[PDB]
Each structure stands twice: as structure tokens, then as C-alpha cells.
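Next up: the same protein chain in two forms, each one alone, written as C-alpha cells (structure 1, then structure 2).
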Structure 1
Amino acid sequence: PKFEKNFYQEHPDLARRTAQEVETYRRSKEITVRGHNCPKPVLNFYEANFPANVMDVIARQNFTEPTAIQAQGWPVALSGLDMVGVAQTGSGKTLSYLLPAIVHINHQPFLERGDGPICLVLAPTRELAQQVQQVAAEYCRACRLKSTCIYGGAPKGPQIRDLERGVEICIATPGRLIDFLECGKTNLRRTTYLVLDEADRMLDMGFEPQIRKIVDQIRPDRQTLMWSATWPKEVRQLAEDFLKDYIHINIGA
């Protein structure tokens, strides 16, 4: 269904401070933006038009302020823009792409039986996979969203069933997902939102081909977000093959 919307976020007028009042925030957070039409960061969760349900889960978590990563990374994802986020491995990036993912999923029909994931997140390892799943569980459990991990280090039964009972979000390690794809355990026919975390680690672990096989099975018109700690030639190439007119944000020099 070549009919699909990733919107634009519209910054509440309350976010109207165009003067270099922002360069102060960015140079203050070590943020470095490189792209066409790069929106201003959101300083207050409210300036980011999130759904009742989500914003609720935040206060619950007792958050001080939206990190450099989310302050600058939410508006871009909410606008349907592609982007490369370069931050320190381990940083709080999960919630940056996670939340626009939820919003993204909502302006879309429910999940038909047989329909695979909408939002796909590729991680280099099992550590990271669960880590994303534990940051997300709380927001999925707080909405109509089913999430699930899938790595080659646990019983394939729980995973295949999780997918049989259909989830809107899938977090996976390359090789793992691949084995579930060639078998009819699931499919990326419904995926429009692709995230790739710690792709610097993913390339060094020799996952590049499995990754390619995967993305080469996704609507080239999908929204793609990539996160890397380092920006070698290997991540740029990957970025050019996957992304297009993407925003390039930097926080970890």
C-alpha cells in the first residue's frame, strides 16, 4: 500500500525562538547539525506534540529534561526526516527514535493477522536488544503497541510466538531476524519505519551483508534512522545507500 504518512511535527508556537537562542543550546549541549531544514530542538516535552498516553509515561519516569539526543532527535523523526545520530555508545538514543515510532504507528491501520512489524530496530547484540525493549515496554504497555526482542541467544519458541501473535515493533539482531525471514515466521512488508542502532558495531561484527539483505526487503521510501558512535567511511557509505536527504546530528565528537 504505497499510501503512507510520516508527518511533520508542527512546533507549537511556544517553540518560536529562531534567534541564535538555539546555537546557544546546541553549543551548550555539543550538538552539531548538518542537513537541509534541520528543525529546532525541543526543550520541553510539551513542545513536542506527543499523545496523552506517552507524555504520561514520562512524568512517571520522573524526567528532568529531554537530553541533547532527544531534544534535537525527536523533532527530526517527528518530521519524517531521515537522520544519522552520532553519539557515544550507550547514550540515551532509544527513546529518541522510539517515541516518534509510536506516533508513527498510530497514523496507520491496525495489524492484520500475518502482517509483520511496522517499526524495525536493528541492534548489534542481545545486550542492546533487551535494553531497547525495556525502555519501550513501558510505552507499549501504555498503548496499543506490542513489542518484542529477537536474538540468537534464547528459545526461538517464545520469539516466534510473540511474532505469531503479531507485534507493531520489532527489535532484532541481524542474523537472528534473517533466519526468521526466510522461514515464514514474519515479514517486512509492513515496515515503513527502520532504525539501526550502533551500526558502527554492526559493521565490525560482519553483519553488513545480512543487514543489506534485510533493508533490500524494505520499502525504499521508508523512514530510516541510523545511530553510530563513530563515523568511518563504512558508516557513511551505509548511510548513503540507506538514507536520503538525511539530517546529520552530532553529539559525540
Structure 2
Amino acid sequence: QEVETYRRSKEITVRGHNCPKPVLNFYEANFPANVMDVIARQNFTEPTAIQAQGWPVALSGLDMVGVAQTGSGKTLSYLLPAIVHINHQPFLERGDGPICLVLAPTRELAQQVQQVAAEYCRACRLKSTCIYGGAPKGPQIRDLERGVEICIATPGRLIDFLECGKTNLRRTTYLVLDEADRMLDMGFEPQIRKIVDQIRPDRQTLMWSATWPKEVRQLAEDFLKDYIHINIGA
């Protein structure tokens, strides 16, 4: 396995049934033209180790957990397959909720992901929005009502909105839990549960974490299906 040479090099450990081979370069991912336009402008030389192994897993439709240090490039690891997903699901109709739901523990990390996502949404003509607590409800409710394919959210504000019927998850087929361990450290487990229970069963779900403790591992087993576990580090 040329694979095992590459994984071993990049300190990639994979666990679970039938993980696809890692993609050795950007071109092999076969992301659509508009996304490539935006990737070329970032002057990356190469895929990061989790993009390498993570992308093909995500693009295959499989559930997974990606464990890597802050800075290993996981945002793109779930975002970019999200775009492909959206391209393969029907067109967004008046009043449809989001197709892709990215949950994040804090306002700041929610906004970071919106920032990364902005350029690709614009190149791909997708609409997205950052939902977070503390800030004016008005603009956020506007965005959700005009319709977004992508909704990046912190749990509390999302709940409030669902309960008020200002959006809904009956189209959410691609679920992301960024910074899951932090999300659990800050005590959001009941809230994340209350959220997912409203998500139709055929969802692909992807968790991302810098660490792999008991609490997170248990969340994975309750929420994921036959998941792949990717580790990055010695």
C-alpha cells in the first residue's frame, strides 16, 4: 500500500470499516470548477493530512470523526465536501431550511467558518449565514427567511429560532459538529441533542475535534453511523 507510506508519513491513523484511499493532491478530489477557482487563490501547495484522508471519506457519504490539532485545516475538510453535497441535493425552495448545518461552540468560531465559507458561497452562488447568541436577531432571521443552503450556528440561538419557527431542519442532510470537545466542555450536550433529534435519519454527520476523550467518543457512538475515525499526530 502506497497509501500506508503516505499515511505513515503524514502521521495519519485511520480506524473503522472501509475507509477510502487518501487523495494525494487537490485535483484528485475533483471538486467543481468554482471551488477550484477559490482554492487556487489561496496559494496552497498541497492538501493537509486531514483534507487528504477526510475529503474522500466525506465525499463518499460516510460519517466520520476527524481529530487534529488546531490549524490542521479541518474547516475546508468539511466545508468543501458540503458544497458537493449541496450540488447533489435538489435546489433550495422558498422556506426550505438549510441543507448543511455547521454547529460551533462559540460566536467567534462560528464567524471564522462563515469567513472561510464566504468566498466559496459567492463563487458557487450559495447563500449562507452565521447564527450566534448575543447579537441582533433581526438580520439573522432575515437571512434564514430569504433561504440559505448553509447555516453555521451556535446551539442556543439555533434552538430559540427552531422553537419560534424562524427556520427548520427538515432539509438538513449534512451535519457538522466543529470543536466537539469544546462544545462538550462548555456544557452544550443537552442542547446539541435537542437539535439533532429534529434531524431526519438519513443525515451524513461529521465531527471535528482537537482531542478524543470519553465524552466525545460517546457522542460519536450515539450520533454517527459506522464511522471512520481519523487521527493526526504522533
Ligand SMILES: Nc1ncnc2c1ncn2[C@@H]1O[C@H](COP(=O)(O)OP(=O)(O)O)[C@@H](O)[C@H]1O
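In this text, the rigid core denotes the largest set of C-alpha atoms whose superposition between the two forms falls within 1.5 Å. One-based numbering along structure 1's sequence throughout.
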{"item": "Identity of the form solved in complex with adenosine-5'-diphosphate (ADP), given as 1 or 2", "value": "2"}
{"item": "Candidates 130, 125, 106, 89 - which moves between the two structures, C-alpha at least 2 Å, core fixed", "value": "89"}
{"item": "Distance the CA of residue 153 travels between the two structures [rigid core superposed, Å]", "value": "2.5"}
{"item": "Angstrom displacement of the CA atom of residue 168 between the two structures, core fixed", "value": "0.2"}
